[PDB]
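Inspection log for the structure reproduced underneath, given as structure tokens.
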């Protein structure tokens with residue numbers, strides 16, 4: 005058995021979408037169609053400091069100590085600090101400070117699920133420590149990033165999140181975790197770009213909307229749109245993990261999904277899975293936005309700490325990252341939150 | 005038992021250190037002290053394309069097919085393509101193209117050992133596939149990088165490398181793999197730098213020599229140099245993995261080490277471990293330089309394919325990444341190379 009022993013987060017102030025429109029950051033008619041109410045925005049907290057904050061909260065509510073942590077896994081989507089500097093070792097130094105391994109994992113918005121999968125396999129194959137620490141953090145307040153316009157699908161958001169995974173107990177049990185790729189979709193996020201030299205070394209950043217426009221111009225006629233590929237894989241991986249967990253939709257109380265705008269959320273997740281509206285976390289997600297890799301665990305912590313799920317309830321975590329890859333987990337809530 | 009079933013690489017043309025001096029890229033009398041003869045330099049091949057080339061060579065010399073590969077793990081140290089694009093799914097799409105997971109792993113120059121550790125635990129905990137694919141690639145021919153001066157410890161080099169790890173056989177047996185951190189050393193690679201916004205978004209790059217000089221200026225009195233911290237940890241992890249493998253130095257035929265300049269190589273690795281000169285790969289390393297994360301497996305493939313090691317010989321892989329972390333592996337050669 006593997007459990008989530010502690011969970012924690014760093015959530016910056018929520019910037020109202022109204023105010024973004026008022027200040028010329030966000031198009032009024034994008035606000036109208038997305039349904040976004042606000043996004044978490046950190047003016048100046050380094051992404052690794054957000055991870056440290058979340059990790060300290062998760063550890064000291066976990067009932068485990070630093071000596072229980074066999075590895076630290078940090079994931080992210082956006083730059084973390086000086087090139088060639090190890091953010092994950094900075095996090096280790098300010099959280100656990102034991103000579104255990106510190107590794108960075110990247111899988112887009114699935115970074116925390118990928119990290120959880122690595123930690124699970126290690127806790128099964130390595131007897132040395134009872135627990136593992138998984139963190140993430142990202143801050144999009146960097147030169148030239150327009151967080152409200154970079155993509156037409158979502159607003160970029162800043163946050164940190166962390167979980168302690170443990171073989172000896174916790175507040176929720178991890179029942180299943182799996183993922184599957186459709187790597188033919190990789191081209192979507194390089195359309196119109198030169199691979200070499202990489203764009204950031206040439207002043208090119210998160211121009212997702214531009215890349216998507218190139219995709220529309222170039223999309224071969226008679227080809228199902230890419231959203232179908234994404235939604236089909238989302239449905240497949242969810243069916244697989246429910247089967248692996250031996251739980252039915254009947255038993256799923258909440259679906260913790262990414263913080264996309266409503267049209268993309270529906271097309272990629274809610275419609276392919278036919279999610280009942282009461283099982284979504286829409287009215288939370290539309291105040292946060294799309295963090296690098298924290299969305300699923302911010303949603304889990306929210307529905308647990310507000311009492312919307314309790315012992316015996318099951319929660320589905322579902323995301324889809326660039327590449328593309330669809331990933332899901334099923335957890336069983338075992339304890340009520342304080 | 006776990007085995008390396010296949011290995012492959014992409015090695016660009018070797019750029020003579022003489023020519024680097026002649027063109028004003030390299031100080032003459034750094035060449036003199038480092039002992040570097042050349043460095044592998046790729047003018048324009050994208051790092052993921054070098055990884056694809058290495059992976060195809062590793063797969064088809066492995067005796068496994070695409071259906072055996074349960075995961076692709078790609079590691080690197082330097083930018084890979086557009087921000088928000090998945091290099092690893094591009095590599096998957098052009099090598100395996102099965103819907104298996106594709107994940108990026110980063111641990112500086114230990115990226116392939118970290119990936120090998122993740123694949124090993126997955127092959128032990130997941131029965132679904134017999135094998136896993138691990139790749140790396142990096143190209144430092146990007147704006148503003150001065151590959152011969154960025155650090156005084158080494159010359160930056162370009163390459164791809166890949167290995168297939170298998171539970172069912174191969175040319176070498178993986179006996180031990182471990183690592184240990186000293187995260188108090190993280191400060192070395194941010195000295196004099198602002199964490200936020202990250203330097204690359206402000207046009208600041210791989211200025212390692214500058215950071216090192218700031219460390220010299222600020223280092224408090226009575227405090228052991230950082231090289232001692234690094235070298236002590238290298239000796240600790242090597243003793244641990246030899247003990248885990250139940251092999252003695254007596255049995256080690258070759259030490260596959262990083263492609264540092266000679267002074268740094270001696271201070272951090274050869275002197276702490278007291279390596280006999282015949283067991284090093286110095287006269288190969290001094291023609292390649294320091295790749296992002298391929299050094300250890302370029303050295304392994306070299307001593308294996310040139311016949312310098314044969315069945316029954318043991319090989320130690322040892323590296324140390326920024327952060328810092330020391331990692332080592334011990335393999336027993338089981339097959340000679342064709």
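Chains as they are written, first to last, in the entry's author numbering: chain A, 5 to 342; chain B, 5 to 342. Even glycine gets a Cβ: it sits at the ideal position worked out from N, Cα and C.
Scanning its chain for C-beta atoms nearer than 6 Å, with the 5 sequence neighbours on each side dropped, one finds around residue 65/A the residues 10, in chain order. Excluding residues up to 5 positions away in sequence, 257, 337 lie with their Cβ nearer than 7 Å to the Cβ of residue 317/B in the same chain. In terms of CA proximity to residue 273/A, 325/A leads the group 342/A, 298/A, 297/A, 325/A. Between residue 108/B and chain A, the shortest Cβ-Cβ separation is below 7 Å. Distance from the CA of residue 45/B to the CA of residue 166/B, rounded to the nearest whole angstrom, comes to 18 Å.
Listed in chain order, the positions of the segment 68 to 91 of chain A with a beta carbon within less than 8 Å of a beta carbon of chain B are 81, 82, 83, 84, 85, 86, 87, 88, 89, 90. Between residue 156/B and residue 213/B, the gap from beta carbon to beta carbon is short of 7 Å. Closer than 8 Å at the C-beta level to chain A, one finds these residues of the segment 196 to 220 of chain B: 197, 199, 200, 201, 202, 203, 204, 205, 206, 208, 209, 210, 212, 215. Under the Cβ criterion of 7 Å, residue 190/B is counted among the residues facing chain A.
Judged by pairs of C-beta atoms under 8 Å, the segment 308 to 322 of chain B does not touch the segment 137 to 156 of chain B, as fewer than three such pairs exist. Between residue 72/A and the set 23/A, 189/A, 105/A, the nearest pair of CA atoms involves 105/A.
When the beta-carbon positions are compared, residue 180/A and residue 245/A come within less than 7 Å of each other. Residue 94/A has a beta carbon lying within less than 7 Å of a beta carbon in chain B. Here residue 281/B is exposed, its C-beta having fewer than 16 other C-beta atoms within 10 Å. Between the alpha carbons of residue 83/A and residue 302/A lies a gap of roughly 21 Å.
Residue 48/B: not part of any alpha helix (DSSP H); DSSP gives it neither H nor E.
Taking the C-beta atoms as reference points, residue 15/A is found nearer than 7 Å to residue 163/A. An exposed status is given to residue 101/B, since fewer than 16 other beta-carbon atoms sit within 10 Å of its beta-carbon.
Secondary structure note for residue 242/A: it is in no beta strand (DSSP E), and the uninterrupted alpha helix (DSSP H) holding it is 230 to 249.
Cβ-Cβ separation between residue 108/B and residue 93/A: approximately 18 Å, too far for a contact (criterion under 8 Å). At a cut-off of 7 Å between C-beta atoms, residue 126/A counts as an interface residue with respect to chain B. Per the coordinates, the alpha-carbon of residue 204/B lies some 18 Å from the alpha-carbon of residue 191/B. Sequence-ordered contacts of the segment 163 to 189 of chain B with chain A read 183, 184, 185, 186, 187, 188, 189 [C-beta pairs closer than 8 Å]. In the three-state DSSP reduction, residue 20/A falls in the strand class (E or B). Membership of residue 122/A in any beta strand (DSSP E) is not indicated; the residue belongs instead to the alpha helix (DSSP H) covering 115 to 129.
In this structure, 97/B is the residue among 296/B, 279/B, 97/B, 59/B with its C-alpha nearest to the C-alpha of residue 185/A.
By the criterion of a C-beta distance shorter than 6 Å, residue 194/B is surrounded by no residue of its chain, once the five residues flanking it on both sides are discounted. Rounded to the nearest angstrom, the gap between the Cα atoms of residue 178/B and residue 221/B is 43 Å.
Annotated three-state conformation of residue 91/A is helix, per DSSP. Within the segment 38 to 57 of chain A, the residues whose Cβ lies closer than 7 Å to some Cβ of chain B are 48, 50, listed in chain order. Comparing C-alpha distances from residue 168/A to each of 112/A, 63/A, 99/A shows the shortest one belongs to 63/A. With its beta carbon at least 7 Å from every one in chain B, residue 318/A lies outside the interface. One finds nothing in chain B with a Cβ atom closer than 7 Å to the Cβ of residue 262/A; even the nearest lies about 14 Å away.
The residue from 88/B, 286/B, 5/B with its alpha-carbon nearest to that of residue 265/B is 286/B. A residue is called buried once 16 or more other Cβ atoms fall within 10 Å of its Cβ, and residue 276/A is buried on that count. The closest CA to that of residue 292/A, considering only 99/A, 231/A, 159/A, is found on 159/A.
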